[PDB]
2 protein chains.
Amino acid sequence: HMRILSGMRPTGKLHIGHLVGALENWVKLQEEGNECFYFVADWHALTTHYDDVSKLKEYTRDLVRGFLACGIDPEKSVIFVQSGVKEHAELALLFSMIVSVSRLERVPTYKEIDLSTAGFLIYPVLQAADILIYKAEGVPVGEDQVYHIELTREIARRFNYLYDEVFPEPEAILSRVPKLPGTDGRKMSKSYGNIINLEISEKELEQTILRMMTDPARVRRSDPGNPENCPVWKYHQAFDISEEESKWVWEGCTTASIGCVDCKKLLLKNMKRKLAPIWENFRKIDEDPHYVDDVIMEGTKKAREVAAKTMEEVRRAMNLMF
Amino acid sequence: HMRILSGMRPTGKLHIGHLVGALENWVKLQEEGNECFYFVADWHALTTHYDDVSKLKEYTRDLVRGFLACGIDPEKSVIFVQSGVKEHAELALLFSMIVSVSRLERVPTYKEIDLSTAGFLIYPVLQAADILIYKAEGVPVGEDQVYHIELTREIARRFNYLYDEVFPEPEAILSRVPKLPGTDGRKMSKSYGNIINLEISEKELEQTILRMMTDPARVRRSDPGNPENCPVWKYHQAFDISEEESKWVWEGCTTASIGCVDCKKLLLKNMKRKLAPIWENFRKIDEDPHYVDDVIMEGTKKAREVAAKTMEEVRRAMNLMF
Ligand SMILES: N[C@@H](Cc1c[nH]c2ccccc12)C(=O)O
Ligand SMILES: N[C@@H](Cc1c[nH]c2ccccc12)C(=O)O
Ligand code: SF4
Ligand code: SF4
């Protein structure tokens, strides 16, 4: 029974990849009954997108609207916006005084990802503030983000040592969910036009699935394919294909006894099954205008009072006046 | 008629050097009737002294007590503590997103002054926040600190350009006051035991002045000296030696017709003249316990409301939700 913390940067409309990776895990942690703190990391959006803020406020709200459509329940999780919890800035600043420049340079997520800014360098320090300010015990993350969890633990340890013992050492909760490719085999990116937004229509989903990439081995209908080399098959898994349906595809495809059209019809049925409730939810949320604003203010108010309680300790430990 | 901003790090009891350099200029700017914002930079104390915070809160208060004893009047200046104005942390963080790592590395005050920390690198960004958050027009500084004013102007310009025009470009107000050496010729440092605290007693001042270094040329009483090579002479200037008294010293010393004892008796009279009111003031302040706490809360409350007004603009310009 745990204190979970996680966040997402508002960079746009949420797609299939945010859902089957991150958000489903978030909802699973929520339903298992842990104390979940989930937020829109709007200040992290600035570390990389300080050149285009024209849609930041708007994307921030949309991200919260999306969390909600996907099952993030504010009656049981704390949902908030990073920029509203001013205490994160203060802790980030305070932690920056105990972390070396070289240590931030070693971060792989750094040198791998304009971005020559002080802000991008201390990104992980801010991320440590986000996690440690709610004294989180678990942080759901994909293998890619593990290095930021290790630093946070170091920060916690160096802090507890130099001052007083205030912070638990948080641990990563790794996703088993495999990364989903784009609708055309390659990685998901907006520039490749291979993305599927959660808020797509049935006609547009129907058309995106039908022109989707299949195993290039199947030049003709009579040519058998190999689902391991097929994006459609990868999508079948993300959308809860039954043991029966998967034997049908596998034996169908490999024996060249089903056509990809039929195979995609099955993905459509299953992916529409997962999306229909999310689509309904987007409609229910919009009919109560202010529902999302109310959720944001209430949620951020709650995150704030937890954060403030932690800062009282932090300031007392560092012997600061205020 | 201007908006003046400046601060000092609480590193200890204030001495002669804080008074005749920085504080006298502060009081002069105050008396000329400018809008002065003066504060204890307790977070900057952490950039260098994160290893010894045991006396931080205590030194912070003492620094404010000292500002007051020296004539910083809260009925006309805004006196506050940096850590109490949380908005500084937020602006610092926001400015860090628009300043390069290399630009912070170029800062001479950096590579010239443990200190391998992220916090020490972004020190000037925090200092830009301190200055630009009150939209200051003038910042009193010694030649040494000029480079931090130039960066702040760059930050302001890059911000106004990328977002909306929120900040004036502040300018440095350079001290004419020459640096005062220690009581033994060399630079002032606590490790050389050549410092004179403002809160010294008459007996201790009397004794510190009498054993003070004189021109080594005066081996004997009959040997003339050269006041330009004498620390006592340098102190005479900081303590408002009259044209008459200075002709007496100069002709006395160079003609070997006065003795250093007599010369120091004159420094004593004059330095005691400047210190007696400050000493009385320390007594008047202490008889009203809470006077300093009241001043700190009232002052910081006032700095906060100005700072918050500036942040509303900053957040609106960067299109952040909160
Ligand atoms: N940009 C970060 C956002 C973030 C900040 N703090 C976090 C804590 C946990 C997870 C994510 C975060 C990310 O995508 O990971
Ligand atoms: N350490 C800085 C303190 C400071 C922060 N902001 C400032 C603005 C003006 C003057 C001083 C400051 C200094 O001594 O200069
Ligand atoms: S039958 Fe299905 S798994 Fe096989 S290549 Fe076609 S779309 Fe892909
Ligand atoms: S007479 Fe005065 S100025 Fe000359 S060496 Fe002595 S103390 Fe110094």
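To find a chain, count down the sequence lines: A is the first, B the second, and so on, and within it residues start at 1. No hydrogens, no waters, no symmetry mates; every other heavy atom, side chains included, goes into these values.
Formation of a donor-acceptor pair under 3.5 Å by the B/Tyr38 side chain with backbone atoms of B/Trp26 is found in this model. The closest donor-acceptor contact from the side chain of B/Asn281 to the backbone of B/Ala69 lies under 3.5 Å. Remark: the backbone N or O of B/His15 is not paired with any side-chain donor or acceptor of B/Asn197 at under 3.5 angstrom. Of the possible polar contacts, one joining the A/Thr310 side chain to the A/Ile133 backbone as a donor-acceptor pair under 3.5 Å is found. In this structure a side-chain-to-backbone donor-acceptor pair under 3.5 Å is missing from B/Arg65 to B/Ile285. Not a single donor-acceptor pair under 3.5 Å links the side chain of B/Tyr163 to the backbone N or O of B/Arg158.
In this structure, chain A has a heavy atom under 4.5 Å from the side chain of B/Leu162, while its backbone stays farther away. Residue B/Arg61 touches chain A through both its backbone and its side chain, counting heavy-atom pairs closer than 4.5 Å. Contacts of A/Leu121 with chain B are made by side-chain atoms alone, with heavy-atom separations under 4.5 Å and no backbone atom involved. Interface remark: B/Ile122 contributes side-chain atoms only to the contact with chain A (heavy atom separation under 4.5 Å).
When the candidates B/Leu320, B/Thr48, B/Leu94, B/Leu126 are compared by the number of heavy-atom contacts under 4.5 Å with chain A, B/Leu320 comes out ahead. For chain A, the option among B/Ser54, B/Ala45, B/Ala89 with the highest count of heavy-atom pairs below 4.5 Å is B/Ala89. Ranked by heavy-atom pairs under 4.5 Å with chain A, the list B/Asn319, B/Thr60, B/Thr47 is led by B/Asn319.
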